[PDB]
Each structure stands twice: as structure tokens, then as C-alpha cells.
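Notes to accompany the following structure.
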Amino acid sequence: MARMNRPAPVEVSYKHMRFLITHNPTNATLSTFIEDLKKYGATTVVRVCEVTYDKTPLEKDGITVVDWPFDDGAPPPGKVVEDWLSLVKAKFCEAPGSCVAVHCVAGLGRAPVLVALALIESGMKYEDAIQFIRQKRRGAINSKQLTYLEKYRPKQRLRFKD
Numbered sequence: 001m002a003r004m005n006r007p008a009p010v011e012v013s014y015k016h017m018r019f020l021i022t023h024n025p026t027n028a029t030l031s032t033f034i035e036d037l038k039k040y041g042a043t044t045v046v047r048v049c050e051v052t053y054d055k056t057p058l059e060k061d062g063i064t065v066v067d068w069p070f071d072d073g074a075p076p077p078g079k080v081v082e083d084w085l086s087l088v089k090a091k092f093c094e095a096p097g098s099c100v101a102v103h104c105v106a107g108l109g110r111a112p113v114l115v116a117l118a119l120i121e122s123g124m125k126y127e128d129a130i131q132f133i134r135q136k137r138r139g140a141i142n143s144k145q146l147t148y149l150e151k152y153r154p155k156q157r158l159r160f161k162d
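At position 152 of the sequence shown (counting the first as 1) the number is 152 in UniProt numbering, and the numbers step up by one without a gap.
As C-alpha cells, then:
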């Protein structure tokens, strides 16, 4: 589970942008993960579940690495929402489309808490959005993960601001 090059990532092209999604872990496979995203045009990499490596060789090759869950020096997944919309907005503003690759610690789901965020901010209700993202089978049924809307407004983002 390291030299594996046969299974490819999945490119999700929304009305807003395009995001690449890759199963399996990193470190042992990272030496191919980077070479995959830069082929798909994912010159931005964004990590939200847990980070396990240090961004240097791949960053200095031209890639924007975003390492959220690194320590208590980062905020909880409650405020990271505004950072989310402003990111996915800007990573598609900086170029005439581009791509963004996203990764998580393989176990139960594929960090759908990321993509689902844009699903609500486009105009959906998170209770409907579960049945859209969770369709992969579990991985989108935590507490503060989904109850987030009960504090975060689906207006003032992907409507009229920029």
C-alpha cells in the first residue's frame, strides 16, 4: 500500500469550481499523491481531517498547502466555515478555473463535511445535504459537524458579496 498507481482520484466539477478527492492515507503514498494532483491541475491542496506531514518540497514546486487540523493553534470546525467559502471562492478566482485536491485520514467516510459546506452555501438545507453526501455510506452523521447551520447562516456567501 505505497507504490500503488492503478486507482485514480475523483474530480468533482460543481457550478462553483472543481475539487479532486483521493482515498487511502498519505506519507508512504504521498510521493505519488503530489504527482497525481499536479497532473489533474490541483495546484492547491487542502487538509481538514488530520495533518500528518510537513509542507516543503511540494510547496516550493508551486502548490498552496492548507494544513488546518495541526494543533490547538487552529480553531474548531465551527469557525473554519468562513475560511472554507473564502478558500473555495479564491482557489477558483486566482485562475480561470483550476482544481483543488483534498485528503483525509481513511477510516469512516471521506471528510464530506468539506464538500457539503458548499452544498448548503449554494442554497440547500444541511438535513437534505446529508442524503446527498452521506450516499457514499455513513461518514456524515456527527454532532457539531451537522448542527453547524443552527449557528451558521446559509446567506451572505455564494449569492452576492464579491
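All C-beta atoms, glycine included, are put in the ideal place defined by N, C-alpha and C.
Inter-residue Cα distance where the pair is residue i and residue j
i	j	result
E127	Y14	20 Å
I130	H23	20 Å
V100	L114	12 Å
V12	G41	13 Å
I21	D36	11 Å
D67	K155	27 Å
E121	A140	17 Å
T32	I63	15 Å
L146	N5	34 Å
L119	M17	12 Å
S98	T43	8 Å
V65	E150	30 Å
Reference residue i; option with closest CA among the options
i	options	result
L58	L20, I34 and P154	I34
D71	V48, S86, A140 and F160	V48
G78	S122, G123, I141 and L117	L117
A28	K38, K39 and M1	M1
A90	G123, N142, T52 and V46	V46
Any non-hydrogen atom of the ligand GTP within 7 Å of residue i CB
i	result
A129	For the ligand GTP, the structure offers nothing, since it holds no ligand at all.
C-beta contact flag for residue i and residue j at 8 Å
i	j	result
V81	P25	no
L85	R157	yes
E50	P69	yes
Span of the alpha helix (DSSP H), counted from its first residue to its last, around residue i
i	result
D36	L30 to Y40
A111	Neither: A111 is in no alpha helix (DSSP H) and is coded neither H nor E.
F132	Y126 to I133
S143	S143 to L146
Continuous beta strand (DSSP E) stretch holding residue i: start and end
i	result
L20	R18 to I21
Okay, do the stretch 133-145 and the stretch 102-121 touch, 3+ Cβ pairs below 8 Å being the bar? yes
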